[PDB]
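Reading through the structure tokens given below for one structure.
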Amino acid sequence: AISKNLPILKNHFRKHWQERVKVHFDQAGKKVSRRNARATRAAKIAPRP
Amino acid sequence: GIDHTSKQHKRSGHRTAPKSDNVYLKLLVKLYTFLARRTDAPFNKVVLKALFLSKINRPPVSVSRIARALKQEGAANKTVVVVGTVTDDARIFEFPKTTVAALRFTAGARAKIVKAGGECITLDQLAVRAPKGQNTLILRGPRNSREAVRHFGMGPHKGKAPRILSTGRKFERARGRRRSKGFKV
Amino acid sequence: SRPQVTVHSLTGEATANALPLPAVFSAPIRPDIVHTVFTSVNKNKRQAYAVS
Amino acid sequence: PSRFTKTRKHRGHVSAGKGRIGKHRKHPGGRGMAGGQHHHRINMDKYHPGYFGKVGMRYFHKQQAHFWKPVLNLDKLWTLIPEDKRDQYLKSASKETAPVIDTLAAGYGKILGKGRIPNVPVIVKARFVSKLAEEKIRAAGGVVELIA
Amino acid sequence: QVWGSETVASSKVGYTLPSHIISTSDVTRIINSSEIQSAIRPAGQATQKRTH
Amino acid sequence: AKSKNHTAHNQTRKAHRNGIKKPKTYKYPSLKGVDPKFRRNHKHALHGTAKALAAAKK
RNA sequence: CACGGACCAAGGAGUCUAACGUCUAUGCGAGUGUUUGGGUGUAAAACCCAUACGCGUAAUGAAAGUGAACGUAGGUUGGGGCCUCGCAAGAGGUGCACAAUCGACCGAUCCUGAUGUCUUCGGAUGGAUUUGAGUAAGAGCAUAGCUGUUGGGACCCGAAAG
RNA sequence: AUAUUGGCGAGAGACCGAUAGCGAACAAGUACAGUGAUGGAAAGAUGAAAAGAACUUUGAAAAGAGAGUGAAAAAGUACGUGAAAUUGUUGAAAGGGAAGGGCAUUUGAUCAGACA
């Protein structure tokens, strides 16, 4: 299926690629988990910074 | 029935009005549809159809090209007009005084023009200063310097630079691009 | 000079306090831009949905 | 937005824009680039000249670090000066005081000669230069220090 | 201070408020003036008599 | 299952739809194919006559 | 006197995405892209931001490598527009974009081969019916939309098989 | 720091709304089929509240017919609304080997608007 004038495109989907899709919906939900654990550890560790 | 030498109901293929929804844009299209009609001078009729131009058909006119047109004999006192955006060119280390009237200036070309004792204008003030167009220069920016036009008309022996993702060795330099592998073009 | 907006107290009762316009209020008003930016920004709080 | 698509204008027409004779079927011309020598040849020639074959030497374990050499024409080379200080150097341009432009600080690997810096003497530090690049610098009254 | 002005700048890094692509927003105010109504030709009747 | 192989019917009629456009020929045609010996001299003929006025025009 | 359809209701077919071409709108513009992350918050939003990094601004050879002004960034034909004269008609001056065309500049290939030298290195100069997806006062980057393509179950349904 | 279609406990959505959403909103891996591995459905809704029809009569009874309950049985455990195919009754019109359609007007039935 080659037609018209188009750049050749190598797109590697010939495996089963939908099993392995990782979408990040937690980008903002892991940011607060990460700011917690830093404030957890800020207190735990005493004035050690 | 009628025997037509032409195709019927066939539009002219022009911009009767911009495709933009911009409000302040349409206030100039409103201002120059008035002057183009009643002022009898072709300048207004030229600036009107230049407000309808799409983006790709509006390349920016650098502040260096403005200095050439002033070196152009007799034009050092003219008020250059650019329907489009003026952009900065620092490769010129001197700039004249004069005046410029354009839709949009970049923040760099605003300083440079103001820096020399010159002045930046809008199109509306030009209509008030010179409705007929007295003592003006229109200037267009280069249209065919685009990256896509470099690819227009690809085909054998036309030297048009194929559309391609990656540039380097091993990408479409081999069979048909040189005599040693196969043929050339 | 700016228009000098006037200051009002909490009982009503405006006052000798009158302030300049911040000049954010002079900016162009672009309902097509606001419409394109809104339509996109309003999509940023959403959850996925998919059938099993 | 699917309210704007053209298959929401094709509701009611039988063949949905794909034609009634050739229909629309799965893969008429094979998957992907298949047949590129054979039935798509006329396409590969004209719009992909040079596709097939091998040009020159392989390079094992290539690293783009070795090859990092950004280029800065004499067109600019005055941009690297602070625009507040810059017009101090243009006017009152003499030796015994000359701007030291470190082009590696700004991420440039070579100073090319594309054209016409002004007449102000300038000290230009660079890793690499070109034969025309210095001639214009050195004739402007400046020099090129090499660095590593 | 947040959006800046001509005197005070930004507090938002690399930002300045937009510029007008037209000075005055009242179009009929320009269309009168002096210099325009001086260069303008005398108007028609705003609706044309049907002839024939 | 033989086919209908060749016909010229309709081809002249398709030809005149956009209808046999012309050379669009230009002043100053391309010197491709011109005598290299004439063409070399012609370089310097024009090269000299441009500077010919550079002595007069100044 | 080809195929499907007794009838009725309800379901029922060009979608999403990754990577791109043209086109259009928008912000800035020799740049552009805040969202991998950090600050913050009325808490998956909104708001603010350091470092890099990606494309772009330089091309060309397999490569080692080298790298863009003889000149108002050139000349000639034509060009919207503007300026001068004239009652006007028209002629003259200037001419952006753009089309043609001949030059100058950088790289590659073949030819020449200077003042010079660790005596075989260096490569000045000068060429050429040669070649490039080049220069010649930057235009691209980001998002959005239509249409088109490639891979994916891929507009829907359907094999004999393995 | 990273991974997670299981487990436990939580909060949410421009998601589906009973032929949809999980196969399963219900005593759903249930009833059922098979020698077995395995296969695998259908099925939501009276009302605010059972107040779910005492009592009378015909009938062997089911029910009918009255009364009765209720805001309403044009809500009677076949139960919210109750479409279409399809059917029974009444009324109207039509009919010489189909029926049905378009243009035109007569006849019959109906309809406003308008005027005044």
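All residue names refer to the structure tokens as shown: chains lettered A, B, ... in order, residues numbered from 1 in each chain, ligands numbered from 1 in order.
The interface of chain C with chain A at 12 Å, considering only C-alpha atoms, consists of residues 44, 45, 46, 47, 48 and 49 of chain C.
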Expected file: the selected residues, N, CA, C and O atoms, as an mmCIF file, in the first residue's frame:
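Below is the file result_15.cif, written as the result:
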```cif
data_model
loop_
_atom_site.group_PDB
_atom_site.id
_atom_site.type_symbol
_atom_site.label_atom_id
_atom_site.label_comp_id
_atom_site.auth_asym_id
_atom_site.auth_seq_id
_atom_site.Cartn_x
_atom_site.Cartn_y
_atom_site.Cartn_z
ATOM 1 N N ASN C 44 -9.474 19.677 30.755
ATOM 2 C CA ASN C 44 -8.325 19.221 31.523
ATOM 3 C C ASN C 44 -8.696 18.595 32.853
ATOM 4 O O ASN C 44 -7.811 18.095 33.549
ATOM 5 N N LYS C 45 -9.955 18.637 33.246
ATOM 6 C CA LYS C 45 -10.426 17.901 34.410
ATOM 7 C C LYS C 45 -11.430 16.879 33.890
ATOM 8 O O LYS C 45 -12.598 17.207 33.689
ATOM 9 N N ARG C 46 -10.999 15.632 33.737
ATOM 10 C CA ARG C 46 -11.822 14.591 33.138
ATOM 11 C C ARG C 46 -11.294 13.244 33.591
ATOM 12 O O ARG C 46 -10.145 13.120 34.014
ATOM 13 N N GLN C 47 -12.135 12.232 33.493
ATOM 14 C CA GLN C 47 -11.675 10.886 33.756
ATOM 15 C C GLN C 47 -11.849 10.024 32.522
ATOM 16 O O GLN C 47 -12.750 10.237 31.711
ATOM 17 N N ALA C 48 -10.979 9.034 32.410
ATOM 18 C CA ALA C 48 -11.133 8.038 31.378
ATOM 19 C C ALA C 48 -12.428 7.283 31.582
ATOM 20 O O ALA C 48 -12.939 7.174 32.694
ATOM 21 N N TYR C 49 -12.971 6.782 30.481
ATOM 22 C CA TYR C 49 -14.033 5.793 30.499
ATOM 23 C C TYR C 49 -13.796 4.831 29.355
ATOM 24 O O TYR C 49 -13.470 5.250 28.247
#
```
*List the neighbours of residue 32 of chain H out to 12 Å using only C-alpha atoms (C1' of nucleotides); skip same-chain residues closer than 5 positions along the sequence, and give me the result as a VMD selection string.*
chain H and resid 39 to 42
Using N, CA, C and O atoms (P, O5', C5', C4', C3', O3' and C1' of nucleotides), can you write the selected residues to a file as a PDB file, in the first residue's frame?
```pdb
ATOM      1  P     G H  39     -16.286 -22.898  28.896  1.00  0.00           P
ATOM      2  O5'   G H  39     -17.723 -23.068  28.263  1.00  0.00           O
ATOM      3  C5'   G H  39     -17.863 -23.267  26.871  1.00  0.00           C
ATOM      4  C4'   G H  39     -19.247 -23.726  26.507  1.00  0.00           C
ATOM      5  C3'   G H  39     -20.373 -22.772  26.809  1.00  0.00           C
ATOM      6  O3'   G H  39     -20.449 -21.669  25.935  1.00  0.00           O
ATOM      7  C1'   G H  39     -21.003 -24.901  27.500  1.00  0.00           C
ATOM      8  P     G H  40     -20.545 -20.200  26.559  1.00  0.00           P
ATOM      9  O5'   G H  40     -21.867 -20.252  27.433  1.00  0.00           O
ATOM     10  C5'   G H  40     -23.125 -20.543  26.849  1.00  0.00           C
ATOM     11  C4'   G H  40     -24.225 -20.530  27.876  1.00  0.00           C
ATOM     12  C3'   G H  40     -24.218 -19.365  28.841  1.00  0.00           C
ATOM     13  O3'   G H  40     -24.743 -18.178  28.289  1.00  0.00           O
ATOM     14  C1'   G H  40     -24.552 -21.357  30.038  1.00  0.00           C
ATOM     15  P     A H  41     -24.478 -16.787  29.026  1.00  0.00           P
ATOM     16  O5'   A H  41     -25.587 -16.741  30.154  1.00  0.00           O
ATOM     17  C5'   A H  41     -26.683 -15.853  30.054  1.00  0.00           C
ATOM     18  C4'   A H  41     -27.811 -16.452  29.258  1.00  0.00           C
ATOM     19  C3'   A H  41     -29.148 -15.763  29.400  1.00  0.00           C
ATOM     20  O3'   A H  41     -29.248 -14.624  28.569  1.00  0.00           O
ATOM     21  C1'   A H  41     -29.433 -18.097  29.602  1.00  0.00           C
ATOM     22  P     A H  42     -29.752 -13.224  29.159  1.00  0.00           P
ATOM     23  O5'   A H  42     -31.289 -13.468  29.441  1.00  0.00           O
ATOM     24  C5'   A H  42     -32.189 -13.660  28.367  1.00  0.00           C
ATOM     25  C4'   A H  42     -33.454 -14.334  28.823  1.00  0.00           C
ATOM     26  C3'   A H  42     -34.299 -13.564  29.812  1.00  0.00           C
ATOM     27  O3'   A H  42     -35.080 -12.558  29.202  1.00  0.00           O
ATOM     28  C1'   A H  42     -34.076 -15.777  30.552  1.00  0.00           C
TER      29        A H  42
END
```
*Taking the DSSP assignment computed from this structure's backbone, write out as a PyMOL selection string all residues of chain A that belong to alpha helix (DSSP H).*
chain A and resi 29-44
Store the residues picked out above, limited to N, CA, C and O atoms, as a short mmCIF file (atom, residue, chain, number, x, y, z; two decimals), in the first residue's frame.
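To be explicit, this is the file written out as selection30.cif:
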```cif
data_model
loop_
_atom_site.label_atom_id
_atom_site.label_comp_id
_atom_site.auth_asym_id
_atom_site.auth_seq_id
_atom_site.Cartn_x
_atom_site.Cartn_y
_atom_site.Cartn_z
N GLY A 29 -1.57 12.59 40.53
CA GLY A 29 -1.93 11.84 41.71
C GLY A 29 -0.73 11.19 42.36
O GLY A 29 -0.79 10.80 43.53
N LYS A 30 0.35 11.03 41.60
CA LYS A 30 1.62 10.62 42.17
C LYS A 30 2.46 11.81 42.60
O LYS A 30 3.46 11.62 43.29
N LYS A 31 2.08 13.02 42.20
CA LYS A 31 2.81 14.20 42.64
C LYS A 31 2.50 14.53 44.08
O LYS A 31 3.37 15.04 44.79
N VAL A 32 1.27 14.28 44.52
CA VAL A 32 0.94 14.50 45.92
C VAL A 32 1.38 13.31 46.78
O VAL A 32 1.75 13.49 47.94
N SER A 33 1.36 12.10 46.24
CA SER A 33 1.97 10.98 46.96
C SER A 33 3.44 11.22 47.18
O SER A 33 4.01 10.73 48.16
N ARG A 34 4.09 11.92 46.26
CA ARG A 34 5.51 12.21 46.37
C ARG A 34 5.79 13.44 47.22
O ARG A 34 6.85 13.50 47.86
N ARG A 35 4.89 14.41 47.26
CA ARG A 35 5.08 15.53 48.18
C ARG A 35 4.70 15.17 49.60
O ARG A 35 5.21 15.79 50.54
N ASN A 36 3.80 14.20 49.79
CA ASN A 36 3.55 13.66 51.12
C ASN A 36 4.80 12.99 51.67
O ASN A 36 5.34 13.40 52.70
N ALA A 37 5.27 11.96 50.97
CA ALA A 37 6.41 11.18 51.43
C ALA A 37 7.64 12.04 51.67
O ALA A 37 8.53 11.63 52.41
N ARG A 38 7.73 13.21 51.04
CA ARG A 38 8.82 14.12 51.38
C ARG A 38 8.53 14.90 52.65
O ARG A 38 9.46 15.27 53.36
N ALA A 39 7.26 15.20 52.92
CA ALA A 39 6.92 15.84 54.18
C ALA A 39 6.82 14.83 55.31
O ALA A 39 7.05 15.17 56.47
N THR A 40 6.46 13.58 54.99
CA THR A 40 6.63 12.50 55.95
C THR A 40 8.07 12.43 56.40
O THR A 40 8.37 12.50 57.60
N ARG A 41 8.98 12.30 55.45
CA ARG A 41 10.39 12.11 55.75
C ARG A 41 11.04 13.39 56.27
O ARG A 41 12.01 13.31 57.02
N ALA A 42 10.51 14.55 55.93
CA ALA A 42 11.05 15.78 56.49
C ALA A 42 10.88 15.81 58.01
O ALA A 42 11.75 16.30 58.73
N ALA A 43 9.75 15.30 58.50
CA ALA A 43 9.50 15.27 59.94
C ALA A 43 10.21 14.10 60.61
O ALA A 43 10.84 14.27 61.65
N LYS A 44 10.10 12.91 60.02
CA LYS A 44 10.74 11.72 60.57
C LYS A 44 12.21 11.97 60.85
O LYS A 44 12.72 11.65 61.93
#
```
*Interface list for chain G, partner chain E, 10 Å threshold, only C-alpha atoms (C1' of nucleotides), as an MDAnalysis selection string*: chainID G and resid 27 48:49
Based on the selection just made, write N, CA and C atoms (P, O5', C5', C4', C3', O3' and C1' of nucleotides) of those residues as a PDB file, in the first residue's frame.
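Result went into result_33.pdb, see below:
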```pdb
ATOM      1  P     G G  27      -3.313  36.028  17.388  1.00  0.00           P
ATOM      2  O5'   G G  27      -2.273  35.421  18.419  1.00  0.00           O
ATOM      3  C5'   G G  27      -2.519  35.472  19.812  1.00  0.00           C
ATOM      4  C4'   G G  27      -1.341  34.950  20.587  1.00  0.00           C
ATOM      5  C3'   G G  27      -0.005  35.537  20.197  1.00  0.00           C
ATOM      6  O3'   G G  27       0.252  36.777  20.809  1.00  0.00           O
ATOM      7  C1'   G G  27       0.172  33.202  20.242  1.00  0.00           C
ATOM      8  P     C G  48       0.531  31.617  35.446  1.00  0.00           P
ATOM      9  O5'   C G  48       1.946  31.498  36.148  1.00  0.00           O
ATOM     10  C5'   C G  48       2.392  32.505  37.035  1.00  0.00           C
ATOM     11  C4'   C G  48       3.425  31.976  37.992  1.00  0.00           C
ATOM     12  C3'   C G  48       4.695  31.434  37.369  1.00  0.00           C
ATOM     13  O3'   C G  48       5.619  32.460  37.044  1.00  0.00           O
ATOM     14  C1'   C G  48       3.901  29.916  38.991  1.00  0.00           C
ATOM     15  P     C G  49       6.480  32.396  35.692  1.00  0.00           P
ATOM     16  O5'   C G  49       7.623  31.336  35.997  1.00  0.00           O
ATOM     17  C5'   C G  49       8.529  31.527  37.071  1.00  0.00           C
ATOM     18  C4'   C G  49       9.296  30.265  37.398  1.00  0.00           C
ATOM     19  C3'   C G  49      10.193  29.703  36.311  1.00  0.00           C
ATOM     20  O3'   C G  49      11.429  30.392  36.247  1.00  0.00           O
ATOM     21  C1'   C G  49       9.026  27.955  37.431  1.00  0.00           C
TER      22        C G  49
END
```
Give me the residues near residue 93 of chain B as an mmCIF file with N, CA, C and O atoms, in the first residue's frame, where near means some atom within 10 Å (using only C-alpha atoms (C1' of nucleotides)) and where sequence neighbours in that chain fewer than 6 positions away do not count.
```cif
data_model
loop_
_atom_site.group_PDB
_atom_site.id
_atom_site.type_symbol
_atom_site.label_atom_id
_atom_site.label_comp_id
_atom_site.auth_asym_id
_atom_site.auth_seq_id
_atom_site.Cartn_x
_atom_site.Cartn_y
_atom_site.Cartn_z
ATOM 1 N N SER B 64 15.042 44.254 8.405
ATOM 2 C CA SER B 64 16.157 44.495 7.497
ATOM 3 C C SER B 64 15.678 44.813 6.089
ATOM 4 O O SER B 64 16.157 45.765 5.467
ATOM 5 N N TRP D 78 27.555 38.879 17.475
ATOM 6 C CA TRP D 78 27.300 40.005 18.352
ATOM 7 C C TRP D 78 26.060 39.815 19.191
ATOM 8 O O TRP D 78 25.839 40.580 20.130
ATOM 9 N N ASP D 87 25.633 47.970 22.917
ATOM 10 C CA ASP D 87 25.813 49.272 22.295
ATOM 11 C C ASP D 87 26.870 50.112 22.989
ATOM 12 O O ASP D 87 27.176 51.209 22.514
ATOM 13 N N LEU D 90 29.839 48.803 20.487
ATOM 14 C CA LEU D 90 29.756 49.324 19.126
ATOM 15 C C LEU D 90 30.330 50.731 19.052
ATOM 16 O O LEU D 90 31.322 50.975 18.359
ATOM 17 N N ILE D 117 30.506 41.167 9.987
ATOM 18 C CA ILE D 117 30.483 41.827 11.289
ATOM 19 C C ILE D 117 30.894 43.284 11.089
ATOM 20 O O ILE D 117 31.462 43.621 10.043
ATOM 21 N N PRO D 118 30.643 44.177 12.046
ATOM 22 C CA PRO D 118 31.116 45.556 11.901
ATOM 23 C C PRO D 118 32.610 45.709 12.132
ATOM 24 O O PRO D 118 33.348 44.726 12.211
#
```
Which residues of chain H have any atom within 12 Å of an atom in chain A when counting only C-alpha atoms (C1' of nucleotides), and what is the closest pair of atoms for each, with the distance in Å to one decimal? Order the rows by chain and rising number and write it as a tab-separated table.
```
residue	atom	partner	partner_atom	distance
H:1	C1'	A:34	CA	9.3
H:3	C1'	A:22	CA	11.2
H:5	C1'	A:19	CA	10.8
```
Resulting file, chosen residues, N, CA and C atoms (P, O5', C5', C4', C3', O3' and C1' of nucleotides), as a PDB file, in the first residue's frame:
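And here is the file that came out, selection26.pdb:
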```
ATOM      1  P     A H   1       8.938   3.214  46.870  1.00  0.00           P
ATOM      2  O5'   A H   1       9.258   4.169  45.641  1.00  0.00           O
ATOM      3  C5'   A H   1       8.973   5.557  45.708  1.00  0.00           C
ATOM      4  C4'   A H   1       9.875   6.356  44.798  1.00  0.00           C
ATOM      5  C3'   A H   1       9.778   6.044  43.315  1.00  0.00           C
ATOM      6  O3'   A H   1       8.722   6.738  42.673  1.00  0.00           O
ATOM      7  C1'   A H   1      12.039   6.023  43.964  1.00  0.00           C
ATOM      8  P     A H   3       5.301   2.539  37.913  1.00  0.00           P
ATOM      9  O5'   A H   3       5.005   0.992  37.802  1.00  0.00           O
ATOM     10  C5'   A H   3       5.558   0.239  36.741  1.00  0.00           C
ATOM     11  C4'   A H   3       5.261  -1.216  36.926  1.00  0.00           C
ATOM     12  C3'   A H   3       3.826  -1.529  37.274  1.00  0.00           C
ATOM     13  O3'   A H   3       2.984  -1.581  36.141  1.00  0.00           O
ATOM     14  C1'   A H   3       5.225  -2.597  38.810  1.00  0.00           C
ATOM     15  P     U H   5      -3.544  -2.759  36.978  1.00  0.00           P
ATOM     16  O5'   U H   5      -4.849  -3.590  36.635  1.00  0.00           O
ATOM     17  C5'   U H   5      -5.023  -4.890  37.173  1.00  0.00           C
ATOM     18  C4'   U H   5      -6.423  -5.393  36.960  1.00  0.00           C
ATOM     19  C3'   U H   5      -6.632  -6.867  37.273  1.00  0.00           C
ATOM     20  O3'   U H   5      -7.963  -7.052  37.750  1.00  0.00           O
ATOM     21  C1'   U H   5      -7.151  -6.472  35.017  1.00  0.00           C
TER      22        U H   5
END
```
*Extract, using only C-alpha atoms (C1' of nucleotides), all DNA, RNA and protein residues at most 8 Å from residue 49 of chain D, discarding same-chain residues fewer than 4 positions from it, and format them as a list in words.*
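Answer for this query is residues 172, 173, 174, 175, 176, 177 and 185 of chain B; 44 and 45 of chain D.
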Any chance you can output those residues with N, CA, C and O atoms as a compact mmCIF listing (two decimals), in the first residue's frame?
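result_12.txt, freshly written:
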```txt
# COMPACT_ATOMS: atom_id res chain seq x y z
N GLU B 172 17.69 6.90 1.51
CA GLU B 172 17.38 7.26 0.14
C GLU B 172 18.46 8.11 -0.52
O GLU B 172 18.20 9.18 -1.07
N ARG B 173 19.71 7.66 -0.38
CA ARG B 173 20.81 8.11 -1.23
C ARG B 173 21.29 7.08 -2.24
O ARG B 173 22.25 7.37 -2.96
N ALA B 174 20.70 5.89 -2.33
CA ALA B 174 21.41 4.81 -3.02
C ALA B 174 20.96 4.50 -4.44
O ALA B 174 21.58 4.99 -5.38
N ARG B 175 19.88 3.75 -4.65
CA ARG B 175 19.55 3.29 -6.00
C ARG B 175 18.66 4.29 -6.70
O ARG B 175 17.50 4.48 -6.32
N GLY B 176 19.17 4.89 -7.76
CA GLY B 176 18.47 5.92 -8.47
C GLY B 176 18.94 7.30 -8.15
O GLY B 176 18.56 8.24 -8.84
N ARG B 177 19.71 7.47 -7.08
CA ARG B 177 20.30 8.77 -6.78
C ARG B 177 21.76 8.88 -7.22
O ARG B 177 22.33 9.98 -7.17
N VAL B 185 18.61 9.22 -10.96
CA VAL B 185 17.31 9.83 -11.18
C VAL B 185 16.50 9.11 -12.26
O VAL B 185 15.49 8.48 -11.96
N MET D 44 7.96 4.37 -6.12
CA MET D 44 9.21 4.53 -5.39
C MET D 44 10.18 5.40 -6.18
O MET D 44 10.66 6.42 -5.69
N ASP D 45 10.45 5.02 -7.42
CA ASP D 45 10.97 5.98 -8.38
C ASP D 45 10.00 7.15 -8.42
O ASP D 45 8.79 6.94 -8.34
```
*Near residue 8 of chain C, counting only C-alpha atoms (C1' of nucleotides), which residues have an atom at most 12 Å away, once you skip same-chain residues fewer than 4 positions from it, shown as JSON, numbers by chain?*
{"C": [12, 13, 14, 15, 16, 17, 18, 19]}
For the residues in the current selection, export C-alpha atoms as a JSON list (two decimals), in the first residue's frame.
```
[["chain", "number", "residue", "atom", "x", "y", "z"],
["C", 12, "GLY", "CA", -21.71, 51.47, 50.45],
["C", 13, "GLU", "CA", -20.22, 54.94, 50.83],
["C", 14, "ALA", "CA", -17.52, 55.53, 48.24],
["C", 15, "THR", "CA", -14.44, 57.36, 49.42],
["C", 16, "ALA", "CA", -11.69, 59.83, 48.54],
["C", 17, "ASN", "CA", -9.64, 56.75, 47.65],
["C", 18, "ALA", "CA", -9.49, 56.49, 43.85],
["C", 19, "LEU", "CA", -7.12, 54.17, 42.05]]
```
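Residues in contact range of residue 25 of chain C, defined as at most 12 Å between only C-alpha atoms (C1' of nucleotides), with sequence neighbours fewer than 6 positions away removed, read residues 2, 3 and 5 of chain C; 3, 4, 5, 17 and 18 of chain E.
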Determine which residues of chain G sit within 7 Å of chain F, taking into account only C-alpha atoms (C1' of nucleotides), and present them as a PDB file with N, CA, C and O atoms (P, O5', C5', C4', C3', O3' and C1' of nucleotides), in the first residue's frame.
```pdb
ATOM      1  P     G G  75      22.044  45.608  -9.881  1.00  0.00           P
ATOM      2  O5'   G G  75      22.227  44.888 -11.284  1.00  0.00           O
ATOM      3  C5'   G G  75      23.275  45.281 -12.152  1.00  0.00           C
ATOM      4  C4'   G G  75      23.265  44.513 -13.449  1.00  0.00           C
ATOM      5  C3'   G G  75      21.977  44.520 -14.240  1.00  0.00           C
ATOM      6  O3'   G G  75      21.749  45.744 -14.911  1.00  0.00           O
ATOM      7  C1'   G G  75      22.916  42.358 -14.260  1.00  0.00           C
ATOM      8  P     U G  77      16.272  45.779 -19.076  1.00  0.00           P
ATOM      9  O5'   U G  77      15.200  44.633 -19.328  1.00  0.00           O
ATOM     10  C5'   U G  77      15.079  44.067 -20.620  1.00  0.00           C
ATOM     11  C4'   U G  77      13.919  43.114 -20.736  1.00  0.00           C
ATOM     12  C3'   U G  77      12.622  43.509 -20.065  1.00  0.00           C
ATOM     13  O3'   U G  77      11.905  44.498 -20.777  1.00  0.00           O
ATOM     14  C1'   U G  77      13.053  41.215 -19.696  1.00  0.00           C
ATOM     15  P     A G 100      10.816  30.063 -12.932  1.00  0.00           P
ATOM     16  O5'   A G 100      11.410  30.795 -14.209  1.00  0.00           O
ATOM     17  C5'   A G 100      10.950  30.441 -15.497  1.00  0.00           C
ATOM     18  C4'   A G 100      11.513  31.335 -16.566  1.00  0.00           C
ATOM     19  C3'   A G 100      13.012  31.300 -16.761  1.00  0.00           C
ATOM     20  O3'   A G 100      13.441  30.148 -17.470  1.00  0.00           O
ATOM     21  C1'   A G 100      12.240  33.527 -16.839  1.00  0.00           C
ATOM     22  P     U G 101      14.761  29.347 -17.021  1.00  0.00           P
ATOM     23  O5'   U G 101      15.937  30.366 -17.336  1.00  0.00           O
ATOM     24  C5'   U G 101      16.257  30.690 -18.675  1.00  0.00           C
ATOM     25  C4'   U G 101      17.043  31.971 -18.773  1.00  0.00           C
ATOM     26  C3'   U G 101      18.426  31.966 -18.163  1.00  0.00           C
ATOM     27  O3'   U G 101      19.391  31.284 -18.936  1.00  0.00           O
ATOM     28  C1'   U G 101      17.321  33.927 -17.523  1.00  0.00           C
ATOM     29  P     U G 129      32.626  25.236 -19.183  1.00  0.00           P
ATOM     30  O5'   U G 129      31.322  24.391 -19.482  1.00  0.00           O
ATOM     31  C5'   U G 129      31.412  23.196 -20.233  1.00  0.00           C
ATOM     32  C4'   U G 129      30.048  22.718 -20.634  1.00  0.00           C
ATOM     33  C3'   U G 129      29.314  21.849 -19.634  1.00  0.00           C
ATOM     34  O3'   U G 129      28.737  22.589 -18.575  1.00  0.00           O
ATOM     35  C1'   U G 129      29.080  20.963 -21.812  1.00  0.00           C
TER      36        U G 129
END
```
Find the residues in chain C near chain E: any atom within 7 Å counts, using only C-alpha atoms. Write them as a compact mmCIF listing (two decimals) with N, CA and C atoms, in the first residue's frame.
```
# COMPACT_ATOMS: atom_id res chain seq x y z
N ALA C 23 -4.30 48.63 33.74
CA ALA C 23 -3.85 48.48 32.36
C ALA C 23 -3.88 47.03 31.90
N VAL C 24 -4.24 46.09 32.77
CA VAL C 24 -4.72 44.81 32.29
C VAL C 24 -6.09 45.00 31.67
N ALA C 27 -6.33 45.78 27.78
CA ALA C 27 -5.88 44.79 26.82
C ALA C 27 -6.98 44.46 25.81
N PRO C 28 -6.60 44.01 24.61
CA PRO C 28 -7.60 43.58 23.63
C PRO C 28 -8.52 42.50 24.18
```
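Counting only C-alpha atoms (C1' of nucleotides), residue 54 of chain B has the following residues at most 12 Å away, ignoring those fewer than 4 positions along the same chain: residues 14, 15, 17, 18, 19, 20, 49, 50, 58, 59, 83, 84 and 143 of chain B; 23, 24 and 25 of chain G.
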*Would you list which chain G residues are within 9 Å of chain C using only C-alpha atoms (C1' of nucleotides), as number ranges by chain?*
G: 26, 44-45, 144
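Candidate residues D:37, D:103, D:2, D:97 were compared for distance to chain G, and the nearest is D:2, using only C-alpha atoms (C1' of nucleotides).
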